[PDB]
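Chains A and A' are the protein sequences, given in the same order. A prime marks a further copy of an entry chain. Count along the first sequence from 1, then add 112; that gives the number in PDB author numbering. Count along the second sequence from 1, then add 112; that gives the number in PDB author numbering. Idealized CB from N, CA, C, for every residue including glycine. Written below as structure tokens is the structure these notes are about.
There are 2 protein chains.
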Amino acid sequence: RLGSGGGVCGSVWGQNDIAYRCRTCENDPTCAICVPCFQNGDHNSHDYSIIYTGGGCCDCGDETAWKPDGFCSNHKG
Amino acid sequence: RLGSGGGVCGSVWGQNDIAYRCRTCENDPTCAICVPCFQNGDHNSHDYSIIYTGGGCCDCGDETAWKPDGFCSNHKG
Ligand SMILES: [Zn+2]
Ligand SMILES: [Zn+2]
Ligand SMILES: [Zn+2]
Ligand SMILES: [Zn+2]
Ligand SMILES: [Zn+2]
Ligand SMILES: [Zn+2]
């Protein structure tokens, strides 16, 4: 899909990878972020869950898919 | 975002790239496909447009983002 470009996580998920949903930070239900981005951000109180994904890419750093308050340390804007 | 995995176009768009919207094939308004995928498929009668994108990735081959009838020749399922 179309997205922001620049300062985004590129991470891509294979047949047996792990990601995180966060209902608090997502723009829509299929957004997700990779394990390092989830752990290097703050989703303490958030309505998150582990996903066992067969594909896609991390949305961290992309404000058209994820709230900037939920970006991790390494993907400012 | 989460997607299908396998037999998808990987293509990623930079600061001054071109993509195509196709309202007939898309699942939602921000889906898009790259120039080679659009040209190697059949969107003749379709409600398509050229996009001058600053980021994102091609959705061709990913049935969670694009209708399979709009996949190109090289991205069957
Ligand atoms: Zn990431
Ligand atoms: Zn990140
Ligand atoms: Zn969150
Ligand atoms: Zn493509
Ligand atoms: Zn294609
Ligand atoms: Zn089309």
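Short CB-CB distance (under 8 Å) between residue i and chain A'
i	result
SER116 of chain A	yes
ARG135 of chain A	no
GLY126 of chain A	yes
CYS149 of chain A	no
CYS143 of chain A	yes
6 Å CB neighbourhood of residue i in its chain, flanking five on each side removed
i	result
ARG135 of chain A'	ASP159
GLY173 of chain A	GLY119, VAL120, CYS121, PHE183, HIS187
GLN127 of chain A	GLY166
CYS137 of chain A	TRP178, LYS179, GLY182
With 16 other Cβ atoms within 10 Å as the buried cut-off, status of residue i
i	result
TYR132 of chain A	buried
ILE130 of chain A'	exposed
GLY168 of chain A'	buried
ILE162 of chain A	exposed
Closer than 8 Å to chain A by CB, residue i
i	result
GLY173 of chain A'	no
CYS146 of chain A'	no
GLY168 of chain A'	yes
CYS184 of chain A'	no
Simplified DSSP assignment, three categories, for residue i
i	result
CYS149 of chain A'	helix
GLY122 of chain A'	coil
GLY166 of chain A	coil
Same chain, Cβ closer than 8 Å to residue i, neighbours up to 5 away in sequence not counted
i	result
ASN152 of chain A	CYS184, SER185, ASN186
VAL147 of chain A	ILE130, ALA131, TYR132
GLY189 of chain A	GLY118, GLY119, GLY173, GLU175, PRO180, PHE183
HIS155 of chain A	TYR132, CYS134, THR136, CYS137, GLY182
Cut-off 7 Å between Cβ atoms - residues of its own chain near residue i, not counting five sequence neighbours on either side
i	result
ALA177 of chain A'	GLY115, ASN139, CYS143, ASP171
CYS149 of chain A'	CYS121, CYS170, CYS172, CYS184, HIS187
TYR164 of chain A	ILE130
- Message: Under 5 Å, CB to any heavy atom of ligand 4. Which residues pass, going along the chain?
- Response: A':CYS121, A':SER123, A':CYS146, A':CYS149, A':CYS170, A':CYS172
- Contact shell at 5 Å, judged by CB to any heavy atom of ligand 3, ordered along the chain: A:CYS134, A:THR136, A:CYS137, A:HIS155, A:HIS158, A:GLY182
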